[PDB]
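Take a look at the letters that make up each chain.
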Amino acid sequence: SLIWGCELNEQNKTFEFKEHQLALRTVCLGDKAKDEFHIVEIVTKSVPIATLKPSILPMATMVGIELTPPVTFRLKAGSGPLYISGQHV
Amino acid sequence: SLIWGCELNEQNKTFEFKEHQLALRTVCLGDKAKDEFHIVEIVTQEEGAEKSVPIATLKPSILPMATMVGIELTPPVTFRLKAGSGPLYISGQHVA
Amino acid sequence: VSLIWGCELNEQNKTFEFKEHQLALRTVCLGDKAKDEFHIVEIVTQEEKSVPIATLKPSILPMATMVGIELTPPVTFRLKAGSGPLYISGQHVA
Amino acid sequence: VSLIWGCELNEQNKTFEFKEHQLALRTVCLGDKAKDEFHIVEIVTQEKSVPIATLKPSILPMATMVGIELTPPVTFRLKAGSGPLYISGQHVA
Amino acid sequence: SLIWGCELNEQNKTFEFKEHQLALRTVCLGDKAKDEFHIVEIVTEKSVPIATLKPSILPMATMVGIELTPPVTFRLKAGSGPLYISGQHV
């Protein structure tokens, strides 16, 4: 077990996590993130897993989401920064 | 275990997922979704009568997403967009 | 053996009595036509003891995810406040 | 041996004590007549108070507690807010 | 187990949790906290944001499945606080 995390933003919309297993914990926006909808999806086919917005819902708790690498996280919408936290087992 | 997901919207209000188990994880709205209440329900047949069970109510400006916990379903299961224009995304893990 | 379950509570039918079995709750959410006011659902048992488990409101918090709540029938769900409809979803396992 | 449990905290009754036994918390939610202000519930041990929830009628009327299992005795204190604030849980033994 | 908790604020932005495992339960703001975004991150250097709160938007958050092996430092990346973190020290 090793705490893990990544940041997605306008300039770096994608992050890839390349046995091993990643359990997600939270997704949250930076305080300087544009006040608009942010959507993070997992790409393998893309699957939206979270929709956040600073003035509406600044974060979300992920539960029971365990992924087998490799997995790519893409910022479908929003300027970010958007942080994803998890445990790399 | 295989990550799964579907989109429901005004055009396609229904998605029929057809030993297997589907564990739901999240429900979230698209950024272009109409700012109104969206309701997703699971539909099954009960006593020869249709029975739908609402599992989530979302709205862009109020609650753009929800985390589903402990919801494991045995196919076949139909997800219906009871209300809202969508798009509404449902994510889950399809384990077989 | 599991079976998806659910019920609606509203002004007209403020109560629903769910009559080895266990009911695991999953979510509580409001209908889109529900009055924009606070809705409170409570579980009622004889000890009469009622235990509030959720407070919702259309314009504030339209739904809630229930976790680790497993009940042994019989159990009654009562709409303490609000016009509804308020839906409760769960899994009835046996 | 599980038994649904619950208590109400308010301005006049800021404290409630839960006096092997285990209490698993499920939800915290405000009454519809609760003052539109921040409500904070904390667990107190001897003291040692630990805030576990911050609610407000017009902002966040309730919260789902997860994985919180307590060994009696435990005291719940309404650090702030008029209430009523309800705490639900499963008392097993 | 042993219930645990700490407060982070403008004047005490950091708290270090010095086999043992800390399971987090909730993060919530004090009623006197400045109405602005508060961000708490875990630091190991690698800092990992785990929560973004704001009094008038989202006053608290439930942490799930987050179990940590000491030592672990919690840092208030942003916000005046107070911000409370609750957990079970097993």
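Reading guide: rules and limits
- Residues numbered from 1 in each chain as written, not as in the entry; some residues may be left out.
- Chains lettered and ligands numbered in written order.
- Heavy atoms only, no water.
- Residues with missing side-chain atoms left out of burial classes, pairs and counts.
- Salt bridge = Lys/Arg side-chain N within 4 Å of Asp/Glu carboxyl O.
- Buried < 20%, exposed > 50% of the residue type's maximum accessible area, 1.4 Å probe, protein only.
- Contact = heavy atoms within 4.5 Å.
- Buried area = accessible area lost by both parts, 1.4 Å probe.
- Helix = DSSP H or I, 4+ residues; strand = E, 2+ residues; numbered from the N terminus.
- Polar contact = N/O pair within 3.5 Å; in protein donor to acceptor, adjacent residues only side chain to side chain.
- Nonpolar A, V, L, I, M, F, W, Y, C, P; charged D, E, K, R; others polar.
- Pairing = 2+ DSSP bridges.
- Axes fitted to C-alpha atoms, helices over the stretch in contact; angles between N-to-C directions.
- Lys, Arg positive; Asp, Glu negative; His and termini not counted.
- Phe/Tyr/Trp six-rings, centres within 6.5 Å; stacked < 30°, edge-to-face > 60°.

Judging from the entry metadata, X-ray crystallography is the method by which this structure was determined, and 2.30 Å is the reported resolution.

Novice: Just give me the short version of the pattern of salt bridges, but keep the residues and values in it.
Specialist: One pass over the structure, following the stated rule, counts 20 salt bridges over all chains. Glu36 of chain A is the partner of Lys34 of chain A in a salt bridge, and the nearest nitrogen-oxygen pair spans 3.3 Å. The partner of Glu37 of chain C in a salt bridge is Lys35 of chain C, with the nearest N and O atoms 3.2 Å apart. Note on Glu37 of chain C: relative accessible area 22%, which makes it partly exposed. A network of salt bridges, in which partner residues are shared, links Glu41, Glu50, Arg80 and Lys82 of chain B.

Novice: Describe the interface of chain D and chain C, with residues and values.
Specialist: Contacts between the two partners involve 20 residues from chain D, matched on the other side by 23 residues from chain C. Here chain D and chain C share an interface that buries about 1700 Å² over both sides, 69% of which is from carbon and sulfur atoms. When the area that chain D buries against chain C is broken down by residue, the three leading residues are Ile4, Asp32 and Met62 of chain D, summing to 31%. For the interface between chain D and chain C, the tally reads zero salt bridges. Looking at the side of chain D that touches chain C, the elements that each hand over two or more residues are β1 (2-9), β3 (22-30), β6 (62-64) and β9 (85-92) of chain D. Examining the composition of the side of chain D that touches chain C, we find that four residues originate from one element, β3 of chain D, more than from any other.

Novice: I'd like to hear about the interface of chain B and chain A, residue by residue, with values.
Specialist: Counting residues at the interface gives 20 residues for chain B, matched by 23 residues for chain A. Between chain B and chain A, roughly 1700 Å² of surface is buried when both sides are summed, and carbon and sulfur atoms account for 69% of that area. Broken down residue by residue, the surface that chain B buries against chain A is led by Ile3, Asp31 and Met65 of chain B, which jointly contribute 31%. Applying the counting criterion to the chain B and chain A interface returns zero salt bridges. Inspection of the region where chain B meets chain A yields five residue pairs in polar contact. Counting residues per element, the ones that place at least two in the side of chain B that touches chain A are β1 (2-8), β3 (21-29), β6 (65-67) and β9 (88-95) of chain B. The greatest single-element share of the side of chain B that touches chain A, amounting to four residues, is contributed by β3 of chain B. When grouped by side-chain class, the residues that make up the side of chain B that touches chain A number eleven nonpolar, seven polar and two charged.

Novice: Which residues make up the environment of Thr69 of chain E, and what values do they have?
Specialist: All names here are of chain E. Turning to its location among the elements, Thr69 is positioned in the loop between β7 (67-68) and β8 (72-78). In this structure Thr69 comes out as exposed when scored by relative accessible area, which is 61%. C-alpha separation for the pair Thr69 and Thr52, spaced 17 residues apart in sequence, amounts to 23 Å.

Novice: Could you give me a rundown of the sheet that holds strand β2 (residues 15-18) of chain C, with the residues and numbers involved?
Specialist: Residues and elements named next belong to chain C. Taken together, four strands build an open sheet; the order of strands is β2-β8-β4-β5 and the sheet is antiparallel. The outermost strands of the open sheet, each flanked by one partner alone, are β2 and β5 (49-56). The sheet shows a mean angle of 25° between the axes of neighbouring strands, taken without regard to direction. Bridge count for β2 against strand β8 (residues 75-81) is four bridges, and the pairing is antiparallel. Its bridge partner lying in β8, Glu17 is registered against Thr76.

Novice: Describe in detail the side chain of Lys53 of chain A, supporting the description with residues and values.
Specialist: Residue and element names in this part refer to chain A. With respect to the helices and strands, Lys53 occurs in the loop between β5 (46-52) and β6 (59-61). This buried residue, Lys53, is left without a salt bridge; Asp35 holds the nearest opposite charge, at 4.8 Å. Here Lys53 is in contact with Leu29, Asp35, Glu36, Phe37 and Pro58, once residues within four sequence places are set aside.

Novice: Provide a residue-level description of unusual backbone geometry, including the pertinent values.
Specialist: Of the consecutive residues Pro73 of chain C and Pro74 of chain C, the connecting peptide bond is found in the cis state with omega at 0°. Look at the link from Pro70 of chain E to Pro71 of chain E: it is a cis peptide, with omega at 0°. One non-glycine residue, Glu47 of chain B, lies in positive phi territory at about 50°. You can see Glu47 of chain B is positioned in the loop between β4 (38-46) and β5 (49-58).

Novice: Explain the sheet that holds strand β2 (residues 14-17) of chain E to me, and be specific about the residues and the numbers.
Specialist: All names here are of chain E. Strand order in the open sheet formed by four strands is β2-β8-β4-β5, and the pairing between neighbours is antiparallel. The open sheet terminates on both sides in strands that have one partner only, identified here as β2 and β5 (47-53). Averaged over all adjacent pairs, the angle separating strand axes in this sheet is 25°, with direction ignored. Note: strand β4 (residues 38-43) against β5, six bridges, orientation antiparallel. Residue pairing for β5: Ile39 is matched across the bridge by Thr52.

Novice: How would you explain the packing of aromatic side chains if you had to name every residue and give the values?
Specialist: In total, this model carries 15 aromatic pairs over all chains according to the counting rule given. Centre to centre, the rings of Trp4 of chain B and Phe79 of chain B are 5.7 Å apart; their planes meet at 45°, and the pair counts as tilted. The same class applies to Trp4 of chain B and to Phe79 of chain B, which are both buried. Taken together, the aromatic side chains of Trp4, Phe15, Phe17 and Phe73 of chain A make up a single cluster linked through ring pairs.

Novice: With reference to specific residues and values, describe the pairing of β4 of chain E.
Specialist: All names here are of chain E. In terms of residue burial, β4 counts as a mostly covered element, since six of its six residues are buried. The side-chain alternation of β4 yields two buried faces, one formed by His38, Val40 and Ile42 and the other by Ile39, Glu41 and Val43. Of the strand pairs in this sheet, β4 and β8 are connected by five bridges, and their pairing is antiparallel. Counterpart to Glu41 in the pairing with β8 is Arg75.

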